There are 2 protein chains.
Amino acid sequence: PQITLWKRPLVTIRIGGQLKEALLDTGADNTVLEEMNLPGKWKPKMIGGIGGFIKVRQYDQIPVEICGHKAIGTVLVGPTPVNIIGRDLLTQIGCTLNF
Amino acid sequence: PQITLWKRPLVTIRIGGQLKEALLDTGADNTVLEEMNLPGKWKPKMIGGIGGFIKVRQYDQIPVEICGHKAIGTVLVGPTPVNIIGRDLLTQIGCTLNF
Ligand SMILES: CC(C)CN(C[C@@H](O)[C@H](Cc1ccccc1)NC(=O)O[C@H]1CO[C@H]2OCC[C@H]21)S(=O)(=O)c1ccc(N)cc1
């Protein structure tokens with residue numbers, strides 16, 4: 001699809017049977033999701049945003065379905081203001097900026 | 001143009017004859033630029049993301065050129081680590097997300 005930006009680019013994602021709302025975020029290198037349980041091993045990591053650094057749990061090779069499009073990659077889970085889909089997964093689904 | 005997300009979507013902008021590199025950022029509601037001393041009046045605001053909030057100044061109607069496309073709007077200015085072009089100005093230059 002083509003998505004204009006007069007509103008926030010919020011889409012429904014599927015991740016582990018759960019349906020969540022997430023923001024398509026071309027400004028994020030990495031996908032970061034709000035607090036949730038995911039299966040498998042994870043590693044403690046840190047990531048920085050506009051306001052400073054946070055602690056996150058890194059889960060590897062997690063599938064997310066983003067508007068019908070499949071992605072599988074590394075996901076970070078921690079105190080983000082909203083679920084954000086970054087460039088890591090936006091590239092997987094074929095996403096570009098056009099003007 | 002069509003802009004890939006393999007790398008950070010950095011483009012050249014011009015504001016008051018300052019040429020800067022800025023991020024085309026669909027996750028950002030509003031444009032925020034690195035600290036600079038613009039003329040004119042402003043209001044103080046706070047914006048939040050990963051790590052929490054920072055304090056910024058919102059200036060009134062400034063022309064900004066983004067890859068040769070004219071925009072004009074309020075802009076936020078403060079201690080952001082990167083220049084960020086938000087939806088407020090992405091809509092003005094005809095930017096969409098496509099996949
Ligand atoms: C978290 C979003 C909902 C909002 N952010 C825009 C976002 O694109 C920032 C924009 C950004 C980009 C770089 C540095 C700081 C902020 N990205 C970001 O925090 O991504 C993080 C996850 O991947 C990592 O790669 C980039 C930083 C990490 S924000 O920077 O906090 C922000 C909030 C409000 C406005 N008006 C403008 C920007």
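Here are some notes:
- Strands (runs of 3 or more DSSP E) (entirely within segment B:1-87) containing at least 2 residues that are away from chain A (no Cβ under 13 Å) and more than 10 Å from the ligand (Cβ to nearest atom): B:10-15, B:18-24, B:42-49, B:52-66, B:69-78
- Flag if A:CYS95 is within 13 Å of chain B (Cβ to nearest Cβ), within 15 Å of the ligand (Cβ to nearest atom) and under 25 Å from B:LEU24 (Cβ atoms): yes
- Filter pass, A:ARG87 being over 26 Å from B:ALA22 (Cα atoms) and in contact with a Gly (Cβ under 9 Å, 6 or more places away or on another chain): no
Computed from the coordinates by the stated procedures, all read-outs in this text should not be read as laboratory data. Neighbour counts are summed over all protein chains in view; Cβ atoms, including those assigned to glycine, are modelled from backbone coordinates with ideal geometry.
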